[PDB]
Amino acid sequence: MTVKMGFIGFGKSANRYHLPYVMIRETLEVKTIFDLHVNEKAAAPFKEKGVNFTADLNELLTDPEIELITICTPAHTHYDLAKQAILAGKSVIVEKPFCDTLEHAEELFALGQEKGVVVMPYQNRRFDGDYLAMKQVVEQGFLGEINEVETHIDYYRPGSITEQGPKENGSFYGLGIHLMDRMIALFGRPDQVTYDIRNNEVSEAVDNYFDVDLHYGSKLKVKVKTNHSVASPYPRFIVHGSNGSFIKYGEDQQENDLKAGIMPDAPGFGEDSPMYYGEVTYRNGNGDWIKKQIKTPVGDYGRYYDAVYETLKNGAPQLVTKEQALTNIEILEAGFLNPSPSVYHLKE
């Protein structure tokens, strides 16, 4: 009735998006934390909670009572840790990037099948309020046939990205990944994708801009977009269909609050501002026009571990499907095979 879990990494990543949520859930249980160079004052409060720390990896992998493991270490270690963990007979969560290659990403899934364990990336952004509100409108079907969805993550940080680097250090890889995952999880695998990826400030630096479109037939297209020189925000989400529209400004504040010492168990944590409630405008069957706000659903990233709990305890379908993980990674990688702008048809 409780999942015995551990952590491969005690960095800030594991400390800002994982533990503040995991600790508040009586359905979860954190036994061992694994950092090669752990921190005492940060861990001090955790050890006092009964949490066990160690820089001995096998002390965590051989531990027979543990079944789940999250990897929150540097991007380059994610493939081999997930490999080492699957073998130890445990289910694992992998922060981005899942794997260095699509072929490796597939490898792990074949092993999830083999060792009969769960393997998937950490996609917490599926529990963003603004995305959730968009997802709810699309599922009830008010708008009719959806022809287009636009989703952003802009900043006003001109001149922040100025250096060279591998595509893995870019924004498409850093941000697009999240944006496409939740849309791929909603509309499925597209037929083709078009890419405009670049640095609109320093030509030769890693991308800080991208305008990518995932097409579905001739009727629909979902556009994910990022720009670092945006002073006037576009809506966080734009949706258009045959019966109407949905416009949603304002992003999920879980991140801006956690950065201010406000934890997940705190009251009000994850509730959007009514001044930011999404807005629907459609004409019913009677041809009448209707305009109301959509109360943004409460955003909670922990629900990602809630999902893992139902999967591990109630066999409920695993949140991230191999197909969404693999499709996402194929588009990410495909965006760098050709010089932008480019077009690309999914493997079929």
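Start at 1 and count along the sequence shown; that's the residue number.
When the C-alpha B-factors of 76-84 and 222-230 are averaged, 76-84 comes out higher.
As the entry records it, the average C-alpha temperature factor is higher for 165-173, out of 144-152 and 165-173. The entry lists C-alpha B-factors for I93, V137, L214, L111, and the highest of these is at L111. Among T281, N286, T321, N58, the highest C-alpha B-factor in the deposited entry belongs to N58. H104: CA B factor in the highest third of modelled residues in this chain (values from the PDB entry). Sort the chain's modelled residues by C-alpha temperature factor and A133 lands in the lowest third, per the entry. In this PDB entry, the Cα temperature factor of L312 sits in the middle third of its chain's modelled residues. Sort the chain's modelled residues by C-alpha temperature factor and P158 lands in the lowest third, per the entry. The deposited CA B-factor of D181 belongs to the lowest third of values across its chain.
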